[PDB]
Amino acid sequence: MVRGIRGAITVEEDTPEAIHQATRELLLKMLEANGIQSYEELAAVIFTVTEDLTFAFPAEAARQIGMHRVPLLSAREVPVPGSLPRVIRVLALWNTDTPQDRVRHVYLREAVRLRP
């Protein structure tokens, strides 16, 4: 059984450093919020990056925390004009029997505005 976990975080500036730190923070909190003990529980992780972020290497953030063996993919987030700027989103596919209503989705910084 698989459960997707969503995450989102914003960065104040378009720099690789800011993007790296933000991605790392989000990944760690998504793991913490769901009590995930090992990366072996993750089937894969998909990232989306908004068009206002340039040198975005979210994969390197995952690598720094040891997710070397977790398959990662990064795609351009649909560029809706006027949408929340500078956002890194995550969709982690988690092998778990955790009920859908018990999965914890994480929205940080300005990304909290994304959820009602």
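So that there is no doubt, residue numbering starts at 1 and follows the sequence shown.
key: Greater mean Cα temperature factor according to the PDB record, 85 to 93 or 30 to 38   = It is 30 to 38.
Taking only the CA atoms, which stretch has the higher mean B-factor in the record, 41 to 49 or 64 to 72?
The stretch with the larger mean CA B-factor is 64 to 72.
- Among the modelled residues of its chain, does the C-alpha B-factor of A56 lie in the lowest, middle or highest third? Middle third, going by the recorded CA B-factors of the chain.
* **Chain thirds of CA B-factor: placement of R102** => Within its chain, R102 is a highest-third residue by C-alpha B-factor, going by the deposited values.
query = Lowest, middle or highest third: where is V11 by C-alpha B factor in its chain?
reply = Tercile = highest for this residue's CA B-factor.
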